Structures are given as C-alpha cells and as structure tokens.
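Structure record follows, encoded as structure tokens.
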Amino acid sequence: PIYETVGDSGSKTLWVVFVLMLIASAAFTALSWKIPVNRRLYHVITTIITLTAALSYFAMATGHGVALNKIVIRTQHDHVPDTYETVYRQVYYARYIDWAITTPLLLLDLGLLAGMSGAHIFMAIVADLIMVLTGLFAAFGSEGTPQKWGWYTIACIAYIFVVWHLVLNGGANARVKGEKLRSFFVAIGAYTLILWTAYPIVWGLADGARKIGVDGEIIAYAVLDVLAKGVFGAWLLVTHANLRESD
C-alpha cells in the first residue's frame, strides 16, 4: 500500500499561510483604526475571514482536521482477472469547515459592496453553503460509487448559481451606485470569479484524479487562499478608504 501524505514543502507551506493570514488580519486592523467605529463593517467582516483561515491553517499545520482515505484501485487486464491496489491519501477536511465560514463572508463583502438586498445576499449564501457541503460529501464519497463525482457535480451546479446570481443581481445593483463603484465591483468580482473557479480544478486534480500529490495540492490551495482572502481584502479595504461610494 502506497501512502500520499504531507511532505516537508507542504508542512512548511501550511505554517507560511498561517503566518500570512495573521499579518493580513493585523494590517486590516491597522487600517480600521483610521476610521470611526460605525464605518468599519467591511474591515470587521474581512478580518474575521483571515482570522478564520489563520485558525484553520494553524490546525492543519499541527496535524489536525485530516483524515486518511483508503482508496482501492482496480486494474483491468487482457486475459487475467482484475487486480487491486490500495492507496491511503490524506484528505484535509479542515478546509470544508473553513470555507463554510469564509466563502459566505466573502459573499457578504461583495453583496454589501454591490448593494444587494439582504434577501439576495441570503440566497447567494444558501447556494454557497450547498456547494461546500456537497463538496465535503464528495470528498468522502467512495471512488467508483456515484456519490463521489455526483456530489461534486451538484457542488459545481450550486457554484454556478452563485456566479449567476452575483453577476445578474450584484451586477444590476452595482450599476445603480455609479460608475466608480460599478467599475470596482466588476473588477474585484471578476478577480473572484477566476480565483474561485480554480478551486474545483485543484479538487479534480487532487481528490478527483490524484494527478498531484498532497504537497502540490497544499501549495495550490495556499496560493488561491492567499489571493482570495489576503489580497482580496487588502484591495477592498484600501479602495474603500478612498471610495465613499463603497460605504
């Protein structure tokens, strides 16, 4: 039986992201002290996002939130019956708990920015929570059974409704707020679209086909997480300071 588990480069990367998330949380706090308490909504939401990711990466960095998945791989043969091999791959379910907190809050950030209504923000979060939930089912679905790729596909469809809702309703609502806000929303929104779209791709390469090892999976999620939480947040909060249209 072959094992696929964290290596040295993966272990260090987890600690790096943990430290990067704390720093972003500190910078965002430092920015928030430059403005009155009543106007700190975005900084509070965005700082909770990076703190949650810090709590998550700290847990994975010290070996928590990980399960060993046993995978049996059936090989077909010409004249001989099928042979079997057994792989044990770490699955970092800590991410599905993190994403269940941070992706709704990211979507709160964008919905507040666009001026979506509370009912519409709520709808995006329902679809988003179905995505990360069925993502978790797919992560524990047995290979060769319908539940693995079937729950994955359901998650992808819930993801498509997120995009569809925010494009149409976030996009129509940002129009009403003027050109400077609308341009910013479209630019940070399009950035988000590209980044979030990469997560199911990493999943297919990792959980799906196991074309990349655990180390490669960890480094890919690290880039995306940093870009989707740290850079995203620094962009939104700095722009907000200079854009009263965001308030």
Side-chain angles (χ1 to χ4, degrees), residues 6 9-33 35-38 40-66 92-114 116 121 124-125 128-129 131-132 135-136 162 166 181 184-185 187-196 198-199 202 217-241 243 246:
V6 230
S9 79
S11 283
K12 289 165 162 39
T13 298
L14 298 179
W15 283 115
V16 174
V17 174
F18 158 77
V19 170
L20 289 178
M21 292 296 167
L22 287 191
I23 294 185
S25 306
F28 300 167
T29 295
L31 295 175
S32 76
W33 293 4
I35 52 181
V37 165
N38 71 283
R40 293 189 186 162
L41 218 205
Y42 293 118
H43 300 77
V44 173
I45 296 163
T46 304
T47 309
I48 290 161
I49 294 166
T50 52
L51 282 181
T52 303
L55 285 177
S56 181
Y57 273 87
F58 181 81
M60 303 181 284
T62 55
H64 300 96
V66 196
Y92 277 72
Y93 66 86
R95 297 180 187 289
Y96 300 95
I97 300 166
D98 167 337
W99 301 344
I101 290 145
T102 47
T103 63
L105 289 183
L106 263 348
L107 268 10
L108 185 63
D109 258 353
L110 293 165
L112 263 8
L113 184 69
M116 298 178 69
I121 296 176
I125 291 165
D128 180 87
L129 285 178
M131 174 195 70
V132 359
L136 179 58
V162 178
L166 255 93
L181 183 284
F184 172 49
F185 169 78
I188 189 168
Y191 174 75
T192 299
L193 212 197
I194 299 164
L195 289 182
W196 288 34
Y199 285 82
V202 177
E217 175 194 329
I218 284 167
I219 294 161
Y221 281 138
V223 177
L224 301 172
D225 279 351
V226 169
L227 290 181
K229 304 183 162 73
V231 169
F232 176 96
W235 186 3
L236 170 76
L237 297 181
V238 168
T239 294
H240 160 87
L243 243 205
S246 70

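All residue numbers refer to positions in the sequence shown, counting from 1.
The closest donor-acceptor contact from the side chain of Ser32 to the backbone of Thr29 lies under 3.5 Å.
Between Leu181 and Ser246, the shortest heavy-atom distance links the atoms CD2-CA, 4.0 Å. Considering every non-hydrogen atom in both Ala222 and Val17, the closest pair reads CB-CG2, 3.5 Å. What you find for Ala114 and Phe185 is that their closest heavy atoms are CB-CE1, 3.7 Å. Between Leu51 and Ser25, the closest heavy-atom pair is N-OG, 3.5 Å. Here the shortest heavy-atom pairing between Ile219 and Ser9 reads CD1-OG, 4.0 Å. Residues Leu195 and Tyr199 come closest through the heavy atom pair O-CD1, 3.3 Å.
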>> If you apply the rule side chain to side chain contact (heavy atoms under 4.5 Å, CB included), what do you find for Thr52 with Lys229, and how did you get there?
In response: CA-CA 10 Å; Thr52 303; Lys229 304 183 162 73; over 6 Å; no

>> What verdict does the side chain to side chain contact (heavy atoms under 4.5 Å, CB included) test give for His43 and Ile35, after you've listed the backbone C-alpha separation in whole Å, the side-chain angles of each residue and the deciding distance to 0.1 Å?
In response: CA-CA 10 Å; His43 300 77; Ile35 52 181; 3.3 Å; yes

> Between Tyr221 and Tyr92, is a side chain to side chain contact (heavy atoms under 4.5 Å, CB included) present by the stated rule, with each step listed?
Replying inline: CA-CA 11 Å; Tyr221 281 138; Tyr92 277 72; over 6 Å; no

> For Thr102 and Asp225, what are the C-alpha separation, side-chain angles and deciding distance, and is it a side chain to side chain contact (heavy atoms under 4.5 Å, CB included)?
Replying inline: CA-CA 10 Å; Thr102 47; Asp225 279 351; over 6 Å; no

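The aromatic ring centroids of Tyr57 and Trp15 lie 6.0 Å or more from each other.
A distance of 13.5 Å separates CG of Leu136 from CZ of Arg95, quoted to the nearest 0.5 Å. The CG atom of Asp98 sits 10.0 Å away from atom CD1 of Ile49, with the distance rounded to the nearest 0.5 Å. In this structure, OG1 on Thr239 lies 4.5 Å from CZ on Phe184, to the nearest 0.5 angstrom. Distance check, rounded to the nearest 0.5 Å: OG1 of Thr46 to CG of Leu108 gives 9.0 Å. Atom CG in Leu236 sits 5.0 Å away from atom CD1 in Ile188 (nearest 0.5 Å). Atom CG of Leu166 and atom CG of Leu193 lie 9.5 Å apart (nearest 0.5 Å).
Using cut-offs of 30° and 60° on the angle between ring planes, the pair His240 and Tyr42 is perpendicular.
Residues meeting the ring pair (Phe, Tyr, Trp, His ring centres under 6.0 Å) test with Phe232, sequence neighbours left out: none. With sequence neighbours excluded, no residue satisfies salt bridge (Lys or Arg N to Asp or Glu O under 4.0 Å) with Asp128.
Within the 4.5 Å cutoff, the side chain of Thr50 has no heavy atoms near those of the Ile23 side chain. The side-chain heavy atoms of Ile48 and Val44, taken from C-beta on, include a pair separated by under 4.5 Å. Side-chain contact between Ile97 and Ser56 is absent, with no heavy-atom pair separated by less than 4.5 Å. Between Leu22 and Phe58 there is no side-chain heavy-atom pair separated by less than 4.5 Å.
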